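K.L.:
Here it is: the structure, laid out below.
Computed from the coordinates by the stated procedures, all read-outs in this text should not be read as laboratory data. Cβ placement follows ideal geometry from the backbone for every residue including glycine, while neighbour counts extend to all protein chains displayed.
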Amino acid sequence: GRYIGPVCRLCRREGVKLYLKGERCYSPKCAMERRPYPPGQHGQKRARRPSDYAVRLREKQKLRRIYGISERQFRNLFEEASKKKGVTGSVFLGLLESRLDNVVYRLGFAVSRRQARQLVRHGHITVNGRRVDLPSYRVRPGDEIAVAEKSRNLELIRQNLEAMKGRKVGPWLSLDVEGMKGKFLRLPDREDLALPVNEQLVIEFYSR
Amino acid sequence: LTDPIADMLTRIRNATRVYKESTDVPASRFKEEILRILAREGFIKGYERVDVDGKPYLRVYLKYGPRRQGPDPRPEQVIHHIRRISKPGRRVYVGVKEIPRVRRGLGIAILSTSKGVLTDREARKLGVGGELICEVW
Amino acid sequence: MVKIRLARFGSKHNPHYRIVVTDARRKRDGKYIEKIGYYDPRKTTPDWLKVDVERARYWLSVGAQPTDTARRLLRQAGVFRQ
Amino acid sequence: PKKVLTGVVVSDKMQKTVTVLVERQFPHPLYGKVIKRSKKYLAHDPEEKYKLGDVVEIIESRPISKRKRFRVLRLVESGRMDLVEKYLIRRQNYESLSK
Amino acid sequence: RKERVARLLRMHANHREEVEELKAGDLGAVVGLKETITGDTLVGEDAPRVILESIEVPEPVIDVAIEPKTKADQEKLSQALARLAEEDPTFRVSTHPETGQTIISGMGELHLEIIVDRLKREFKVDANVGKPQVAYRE
Amino acid sequence: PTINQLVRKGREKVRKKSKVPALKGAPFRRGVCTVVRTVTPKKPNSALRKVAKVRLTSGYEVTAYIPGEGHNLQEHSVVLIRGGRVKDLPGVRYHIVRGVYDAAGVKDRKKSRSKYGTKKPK
Amino acid sequence: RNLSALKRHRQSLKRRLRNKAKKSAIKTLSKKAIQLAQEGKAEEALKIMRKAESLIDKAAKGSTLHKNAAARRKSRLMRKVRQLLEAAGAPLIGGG
RNA sequence: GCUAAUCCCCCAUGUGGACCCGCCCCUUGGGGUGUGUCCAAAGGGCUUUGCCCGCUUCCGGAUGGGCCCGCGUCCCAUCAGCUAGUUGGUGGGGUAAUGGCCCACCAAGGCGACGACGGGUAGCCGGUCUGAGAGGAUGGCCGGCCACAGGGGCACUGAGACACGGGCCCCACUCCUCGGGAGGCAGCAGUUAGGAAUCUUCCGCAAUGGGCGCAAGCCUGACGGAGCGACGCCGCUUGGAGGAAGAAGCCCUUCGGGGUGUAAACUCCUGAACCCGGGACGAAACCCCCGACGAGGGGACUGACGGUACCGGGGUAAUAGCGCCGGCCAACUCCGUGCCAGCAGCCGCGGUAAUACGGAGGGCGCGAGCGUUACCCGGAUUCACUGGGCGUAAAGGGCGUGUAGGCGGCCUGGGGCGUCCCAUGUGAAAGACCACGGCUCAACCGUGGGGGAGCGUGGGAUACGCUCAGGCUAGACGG
RNA sequence: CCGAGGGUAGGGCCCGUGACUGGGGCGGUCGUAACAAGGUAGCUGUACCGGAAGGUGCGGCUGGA
Ligand code: SF4
Ligand SMILES: [Mg+2]
Ligand SMILES: [Mg+2]
Ligand SMILES: [Mg+2]
Ligand SMILES: [Mg+2]
Ligand SMILES: [Mg+2]
Ligand SMILES: [Mg+2]
Ligand SMILES: [Mg+2]
Ligand SMILES: [Mg+2]
Ligand SMILES: [Mg+2]
Ligand SMILES: [Mg+2]
Ligand SMILES: [Mg+2]
Ligand SMILES: [Mg+2]
Ligand SMILES: [Mg+2]
Ligand SMILES: [Mg+2]
Ligand SMILES: [Mg+2]
Ligand SMILES: [Mg+2]
Ligand SMILES: [Mg+2]
Ligand SMILES: [Mg+2]
Ligand SMILES: [Mg+2]
Ligand SMILES: [Mg+2]
Ligand SMILES: [Mg+2]
Ligand SMILES: [Mg+2]
Ligand SMILES: [Mg+2]
Ligand SMILES: [Mg+2]
Ligand SMILES: [Mg+2]
Ligand SMILES: [Mg+2]
Ligand SMILES: [Mg+2]
Ligand SMILES: [Mg+2]
Ligand SMILES: [Mg+2]
Ligand SMILES: [Mg+2]
Ligand SMILES: [Mg+2]
Ligand SMILES: [Mg+2]
Ligand SMILES: [Mg+2]
Ligand SMILES: [Mg+2]
Ligand SMILES: [Mg+2]
Ligand SMILES: [Mg+2]
Ligand SMILES: [Mg+2]
Ligand SMILES: [Mg+2]
Ligand SMILES: [Mg+2]
Ligand SMILES: [Mg+2]
Ligand SMILES: [Mg+2]
Ligand SMILES: [Mg+2]
Ligand SMILES: [Mg+2]
Ligand SMILES: [Mg+2]
Ligand SMILES: [Mg+2]
Ligand SMILES: [Mg+2]
Ligand SMILES: [Mg+2]
Ligand SMILES: [Mg+2]
Ligand SMILES: [Mg+2]
Ligand SMILES: [Mg+2]
Ligand SMILES: [Mg+2]
Ligand SMILES: [Mg+2]
Ligand SMILES: [Mg+2]
Ligand SMILES: [Mg+2]
Ligand SMILES: [Mg+2]
Ligand SMILES: [Mg+2]
Ligand SMILES: [Mg+2]
Ligand SMILES: [Mg+2]
Ligand SMILES: [Mg+2]
Ligand SMILES: [Mg+2]
Ligand SMILES: [Mg+2]
Ligand SMILES: [Mg+2]
Ligand SMILES: [Mg+2]
Ligand SMILES: [Mg+2]
Ligand SMILES: [Mg+2]
Ligand SMILES: [Mg+2]
Ligand SMILES: [Mg+2]
Ligand SMILES: [Mg+2]
Ligand SMILES: [Mg+2]
Ligand SMILES: [Mg+2]
Ligand SMILES: [Mg+2]
Ligand SMILES: [Mg+2]
Ligand SMILES: [Mg+2]
Ligand SMILES: [Mg+2]
Ligand SMILES: [Mg+2]
Ligand SMILES: [Mg+2]
Ligand SMILES: [Mg+2]
Ligand SMILES: [Mg+2]
Ligand SMILES: [Mg+2]
Ligand SMILES: [Mg+2]
Ligand SMILES: [Mg+2]
Ligand SMILES: [Mg+2]
Ligand SMILES: [Mg+2]
Ligand SMILES: [Mg+2]
């Protein structure tokens, strides 16, 4: 299945804070805030100038690990974006963003994709009325992604919806808080999202 | 002599790298038509029908860029490159759809066709094809 | 003799017939002569049936023979209405 | 259509039959240049009115014998023995190429 | 490995009866098994993967040397004394540490001299027999 | 070469030569051990490499390397082999596959146990 | 270990008899007429070749002969008889 | 020895057809015309002065074939000559039909360096895999064509076969009980053998399709489904949030410390599995009445998968492994060993302090998989058309002469073969591509769209190549 | 008449194998031919000779002076 392991060690190796926990990521108990160096016996040792391959690898695992997705599913997607028309980098990022378990997370139904995933899987998510429990559904523009009207009586969803009141969401999004509905308006433009990934380098990685 | 056309392109090629003012190639109406294009696209200043010991030739007045500053002042070339495609040993015959795009348009391709001796930009608009004579840029 | 027949396509538990004209002794899913319509028995799309009325008329006239359940689809699309 | 070919009689040494040598040209599938391939057809001459050197035309026809499937359509040019020479010399050149 | 039991058989005096089941504490034969050799354990395809006590106690108490003479049917000897070491588990095919010639270890003289002809009349092996050579010293 | 030359003669296609003929193009082949012993490798190495002589079902009789630390292969041992030569032993062009037939896996191997046929311990 | 193909077989043999016998008659009568046509016997030839022609066609009614074979069978017959009769005329009565 | 018919034959009728000969159109044996001759046929069913189902001859249709022709189709030239039914002719046999298919005779030809003959290997294509493309490789599954039905020969019946589950004969093998008989799983399952390796002696004719039948219906291992196998692709799970400047253990340590590590514990939340309930789409035709057995309208029967999917209620935190960590190449330290044991794809590593062996800790990579072996394409621009070379790196023939061949100066004209242009026919379906849509997604699957290269046909253009014609003197030859 | 094939006889091609044998590739004995004018410039086609590399004749090459 998913990576399903110790998630702080990931950030530490990447040297960038990947937001994989929600609440704790903002705490000063965040591993990154206390120990911004790679996991393992050799964390505090002077770095060796990473090779060109070394760069593209790590720049890819970043983007990969963020969305919490298998190298397989990730690769098909990338490859899908290459067959696709126009800009490979953006379209890849777009299709990545278009994943159900991600959209759910973008609308604050959950604090982590990990959590969001479980929400989709365990059923508590719907799409245009009817339930959808597959954490991979390419959400297309125009979709109403609410909470299960049969599962709205759950604190975890409530509290996470309780907080999502005023937050300015994706331009590609709209959020009916309280009523627990959500809409998917558009697919992202390049600028619309800022994440610590030089998308061009991932392309260069598979271009090997 | 076997290929006059190549020779012509070559008399030109040799002439430019030594920066000759002019250069003569023996005359043929087909060589004319190609030289016609060379001037009209600004690869040369033009040509003129001459005579050496009663033999019809064609003086080609070469064209170059400005003098240059630095350790080597030899001007940039106008005809950077010129080579035969179609040859007596192996003829090249593109149709319209397959006429190449020489150097992203920065250069030209010459082709002899049923409507005359045209360029790639030229034969395309007229929607034809023929013998891919040579390529220049 | 030349027939009007359903040639199964689709997949396992996803039937999707092509109403078709072919020789009787031909394999059910083999090379047919012409396609004159399709048929989705599950009815999972709005138009789960479409018959080229004009062409079915041509073949029907020359000796083409519909199957029992072939003409039902054909009758339903009114190839026999006066 | 009934295929029609143009070739030369290189043998009239049969009864009511002549051998028509037909040349064809085409670009090489990978190296482009035009190359000459040829072939010999046995043509039906029911009158024996065609002789060596006759540049003639032969038309696709119903079988006359084994490998006779062409009748002579018409004459185009007579006495082209020079072509006979070319075909004939090479055939004689083969005598050296033995072991 | 997983094995398909197909039919079930009972051997009588003058006929074999096909049966549907063999309850515990009962015996019979089974068709469809291919990898199962004697001394193995079969469990239901979702059953506790246990293994019965094998067997294992008697030790071969006669040993005789066999040499493939002249010479190259020692490889034709090997795949055919393999068809038998798993089916008649009694006899051993041992090669001596020092001066190692093959020592077909039998449970008896007759258990070897009826295995003697299996190799000679059924596996043919151009060989002649005798005794094992000694691991001497100086 | 001139283009006309190319039309006449053309380019010779390159044919590959199987580095493992005895397999009969199979992924693996079974065989019996006629001889099991040690052979010393060539310069600049020095050792006593464990190897086995094997008569394959393919008719061939080859010599095959035995990987890992320690083994149990003797004469008449039925053994499975795979491709891959040992650089230091000329004539050896195949490896015995550990943990198949009368070949045991390496006792007490913890790392990389699949290439040596050892089962995962508790 | 059984079928109705043997039935098909039993039938095949029975048909073979009818077919053979018919074809026999045809060959016998044909050559016979042709022979008379060569000696001519102009009358008796044509007199015979008619019962030949008939039996040729009568067989073609069934599976014995194909139409376009009997057509051939009849063609060659008459051409043979007539060409023969050309040596020593007097072709009477009627047939062709 | 008896006997019926839709079994066989004879006579009649002759729209018509078939054959010979003559004429007419046409042009290979196409279509008329007349004289002569030859040829048809079957009955059964009911509601019964009439329809149904069959029969016969002819013509046209439609679909399915036969045969023929152009071009395309692997390796070896250390295979260079091959051929007497051989090549053509005339006559005849034969066939649905051409043909040396076969036969008699006559002629002496036919093929081959543009590779005959011989040897090796191979079912061919749609496509598939790879590749920037050109190319290379490949034809499993599905679709089209071919070939075969233990090894061979033969013909019979038939619209169709020289017939897998039809017949005859020879062979080999097996098998039943002294004359003879039997068998043909390259059908569906299954056994056995071989092998590194490949499945259930399943369910159902409910669907679609096939043969027969007026119909009811019967048959159908086609087929629709089920089983086994990570073999492949796709989807999903083994949890989610919180949780110490951070327990125990283990590893490292300069003995200060560092690492595993928010990882675990523990807190709360969710709820794969399982439990109960409901429960399919695929199935409306054939059939019945009305109408007329038509058109049209109504009505009834039918589910192998399967009480399966799916929907609802309840509901337990609930599998992780494999490779690698000298360089290529991402991931480093301790101990053990000491050219031993061992690693290895290449360079190479191991000889006492090894990031290269073996364990450990840690780490990197993928994740119900990870690795390995074999093979194919790639990188190999390392057979170089795209797109390489040959003074010294491998490579100019020892030198001439010349055959075939490839190639060829200037001007004008004819033809239009290449070449180019447009139109049109073909380029099946599946696949590929783009678009939407159906299974909750995806794989899978459906519906539309785009069609190209190639060849057929029609028209068009004439610069270059071709060819034909006429002139020139700069090449070349001569005085 | 032809005809599966059976038989007789004589050829051709390819595969496997064979006492013995030729050199080849890979892992101590004798000399020192080549690389420095390698201590006789070297290489060379050929010829004869010698345990062995080699020597020498005739001509050739410079990749020697
Ligand atoms: S807490 Fe800080 S370190 Fe741990 S995962 Fe969230 S962000 Fe990365
Ligand atoms: Mg793209
Ligand atoms: Mg790539
Ligand atoms: Mg199912
Ligand atoms: Mg003839
Ligand atoms: Mg064994
Ligand atoms: Mg070493
Ligand atoms: Mg053993
Ligand atoms: Mg008779
Ligand atoms: Mg018949
Ligand atoms: Mg008939
Ligand atoms: Mg009666
Ligand atoms: Mg009667
Ligand atoms: Mg009559
Ligand atoms: Mg003859
Ligand atoms: Mg004839
Ligand atoms: Mg013949
Ligand atoms: Mg003839
Ligand atoms: Mg040829
Ligand atoms: Mg073969
Ligand atoms: Mg084959
Ligand atoms: Mg196929
Ligand atoms: Mg056969
Ligand atoms: Mg068989
Ligand atoms: Mg047989
Ligand atoms: Mg049959
Ligand atoms: Mg048969
Ligand atoms: Mg057949
Ligand atoms: Mg059978
Ligand atoms: Mg049987
Ligand atoms: Mg079977
Ligand atoms: Mg199956
Ligand atoms: Mg059925
Ligand atoms: Mg049915
Ligand atoms: Mg059944
Ligand atoms: Mg099936
Ligand atoms: Mg599975
Ligand atoms: Mg998967
Ligand atoms: Mg601390
Ligand atoms: Mg600790
Ligand atoms: Mg600590
Ligand atoms: Mg946790
Ligand atoms: Mg719940
Ligand atoms: Mg609960
Ligand atoms: Mg239903
Ligand atoms: Mg009524
Ligand atoms: Mg239930
Ligand atoms: Mg539920
Ligand atoms: Mg837990
Ligand atoms: Mg790896
Ligand atoms: Mg790598
Ligand atoms: Mg590294
Ligand atoms: Mg290792
Ligand atoms: Mg050291
Ligand atoms: Mg050490
Ligand atoms: Mg190590
Ligand atoms: Mg290593
Ligand atoms: Mg390769
Ligand atoms: Mg290549
Ligand atoms: Mg390339
Ligand atoms: Mg080139
Ligand atoms: Mg050289
Ligand atoms: Mg020279
Ligand atoms: Mg010449
Ligand atoms: Mg010219
Ligand atoms: Mg020329
Ligand atoms: Mg033209
Ligand atoms: Mg298509
Ligand atoms: Mg969709
Ligand atoms: Mg389509
Ligand atoms: Mg002239
Ligand atoms: Mg014979
Ligand atoms: Mg014989
Ligand atoms: Mg016999
Ligand atoms: Mg020999
Ligand atoms: Mg030897
Ligand atoms: Mg010397
Ligand atoms: Mg010396
Ligand atoms: Mg010397
Ligand atoms: Mg010297
Ligand atoms: Mg020297
Ligand atoms: Mg000398
Ligand atoms: Mg001596
Ligand atoms: Mg001497
Ligand atoms: Mg000298």
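K.L.:
Which shape class, rounded, prolate or oblate, goes with chain G when its Cα gyration tensor gives a ≥ b ≥ c as root eigenvalues, a/c under 1.5 marks rounded, and past that a/b bigger than b/c marks prolate? Don't skip to the answer; put the middle values down first.
P.N.:
Details: a/c = 4.06, a/b = 3.26, b/c = 1.25.
Taking the square roots of the gyration eigenvalues as a ≥ b ≥ c, chain G is prolate.
K.L.:
While we're here: Per residue of the range C:21-33, in order, report the coupling 6.51 cos²θ - 1.76 cosθ + 1.60 (Karplus, θ = phi - 60°) as ³J(HN,Hα) in whole Hz, putting x for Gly and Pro.
P.N.:
My calculation for the range C:21-33 gives 10, 7, 5, 4, 7, 5, 4, 4, 10, x, 4, 8, 7 Hz in order.
K.L.:
Can you compute the equivalent ellipsoid semi-axes for chain C, i.e. the square root of 5 times each eigenvalue of the Cα gyration tensor, sorted largest first and rounded to whole Å?
P.N.:
Working: eigenvalues 76, 56, 16 Å².
For chain C, the semi-axes come out at 20, 17, 9 Å.
K.L.:
Separation between the E:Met11 and G:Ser4 pseudo-spin-labels, each 7 Å from Cα along Cα→Cβ, expressed in nm?
P.N.:
It works out to 4.7 nm between the two label points.
K.L.:
Want the number for F:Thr40 to F:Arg11: 0.36 nm per residue separation, take away the alpha-carbon distance, what's left?
P.N.:
Working: separation 29, 0.36 × 29 = 10.44 nm, distance 4.47 nm.
This chain segment gains 6.0 nm when fully extended.
K.L.:
A:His42 label point, 7 Å along Cα→Cβ, cut-off 20 Å on backbone N: hits in the range A:49-76?
P.N.:
What the label zone holds, given the 20 Å backbone N cut-off, is A:49-62.
K.L.:
Looking at the square roots a ≥ b ≥ c of the eigenvalues of the Cα gyration tensor of chain A, which shape do they give, rounded for a/c under 1.5, prolate if a/b is larger than b/c, or oblate? Numbers along the way, then the final one.
P.N.:
Details: a/c = 2.13, a/b = 1.36, b/c = 1.57.
Verdict is oblate for chain A.
K.L.:
In addition: List the trypsin sites (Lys or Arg not before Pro) in the range B:50-137 that DSSP assigns to loop (not H, G, I, E or B) and whose Cβ has at most 10 other Cβ atoms within 10 Å. Which are they?
P.N.:
Values: sites: B:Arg59, B:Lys63, B:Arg67, B:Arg68, B:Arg83, B:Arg84, B:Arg90, B:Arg91, B:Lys97, B:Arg101, B:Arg103, B:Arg104, B:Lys115, B:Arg121, B:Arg124, B:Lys125; in loops: B:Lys63, B:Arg67, B:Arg68, B:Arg90, B:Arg91, B:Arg101, B:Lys115.
Passing both the DSSP loop test and the Cβ count: B:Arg67.
K.L.:
Expressed as a rounded percentage, what relative contact order does the range B:80-137 have, with Cα pairs under 8 Å and six or more residues apart?
P.N.:
Working: 110 pairs, mean separation 28.1, N = 58.
Once normalised by length, the contact order is 48 percent.
K.L.:
To make sure I understand the rule: partners must be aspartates and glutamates, Cα under 15 Å from the Cα of B:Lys55, and not fewer than 8 residues away in the same chain. Which ones qualify?
P.N.:
B:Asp24
K.L.:
Dividing the convex hull volume of the alpha carbon atoms of the range A:93-164 by its residue count, what do you get in Å³ per residue?
P.N.:
That works out to 80 Å³ per residue.
K.L.:
Please give every one of the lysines within straight-line cross-link reach of F:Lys115, meaning a C-alpha to C-alpha distance under 19 Å, and leave out same-chain neighbours fewer than 8 residues apart.
P.N.:
F:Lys115 reaches F:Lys50, F:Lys87, F:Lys107.
K.L.:
Output the relative contact order of chain A, whole-number percent, from Cα pairs under 8 angstrom with separation of 6+ residues.
P.N.:
On the way: 260 pairs, mean separation 40.7, N = 208.
Dividing the mean separation by the residue count of chain A yields 20 percent.
K.L.:
When the convex hull of the Cα atoms of chain F is projected onto a plane and the area is averaged over all directions, what value comes out in nm²? Mind dumping the intermediate values first?
P.N.:
Numbers: hull surface 47.8 nm².
Averaged projected hull area, Cα only: 12.0 nm².
K.L.:
Right, another one. Rounded to the nearest 500 deg cm²/dmol, what is the calculated helix-only ellipticity per residue at 222 nm for the protein assembly as shown, with -39500 (n - 2.57) per DSSP H run of length n ≥ 4?
P.N.:
Values: 20 runs with 231 residues, N = 882.
Mean residue ellipticity at 222 nm (helix-derived): -8000 deg cm²/dmol.
K.L.:
Which translational diffusion coefficient, to the nearest whole µm²/s, is obtained for the range B:1-109 from the Stokes-Einstein equation, given a Kirkwood hydrodynamic radius over C-alpha pairs, 4 °C and 1.567 mPa s? Before the final figure, lay out the partial values.
P.N.:
Numbers: Rh = 15.4 Å.
Reported coefficient: 84 µm²/s.
K.L.:
Could you pull out every residue, at least 5 positions away or on a different chain, whose amide H is within less than 5 Å of the one on D:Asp45? Hs are placed 1.01 Å off N in the peptide plane, and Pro or chain starts have none.
P.N.:
Hits under the 5 Å cutoff: D:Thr17, D:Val18.
K.L.:
Pick from G:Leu85, G:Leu13, G:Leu29: which residue has the top mean-square fluctuation in a GNM of chain G where Cα pairs under 10 Å get a spring?
P.N.:
Maximum fluctuation in the GNM of chain G, among the listed residues, is at G:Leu13.
K.L.:
Can you tally the net charge around A:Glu59? Count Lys and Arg as +1, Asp and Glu as -1, for every other residue whose Cβ sits under 12 Å from the Cβ of A:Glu59. Intermediate results must be reported in sequence, preceding the final value.
P.N.:
Numbers: positive: A:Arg56, A:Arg58, A:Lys60, A:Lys62, A:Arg64, A:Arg65; negative: A:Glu14, A:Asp52, A:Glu199, A:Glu204.
Neighbour charge sum, excluding A:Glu59 itself: +2.
K.L.:
Pick from E:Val61, E:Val30, E:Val93: which residue has the top mean-square fluctuation in a GNM of chain E where Cα pairs under 10 Å get a spring?
P.N.:
It is E:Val30.
K.L.:
Another question, then. Which FRET efficiency, nearest 0.05, do E:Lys34 and A:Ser207 yield, Cβ-Cβ r, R0 41 Å? It would help to have the intermediate numbers written out before the result.
P.N.:
Values: r = 50 Å, r/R0 = 1.23.
Plugging the Cβ-Cβ distance into 1/(1 + (r/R0)^6) gives 0.25.
K.L.:
Please identify, among F:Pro27, F:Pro67, F:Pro41, the residue showing maximal mean-square fluctuation in a Gaussian network model of chain F using a 10 angstrom Cα cutoff.
P.N.:
Comparing F:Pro27, F:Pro67, F:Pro41 in the GNM, the peak value goes to F:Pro27.
K.L.:
Roughly what % of Cα-Cα distances in the protein assembly as shown sit above 52 Å, to the whole percent?
P.N.:
Details: 251598 of 388521 pairs.
Tail fraction, whole percent: 65.
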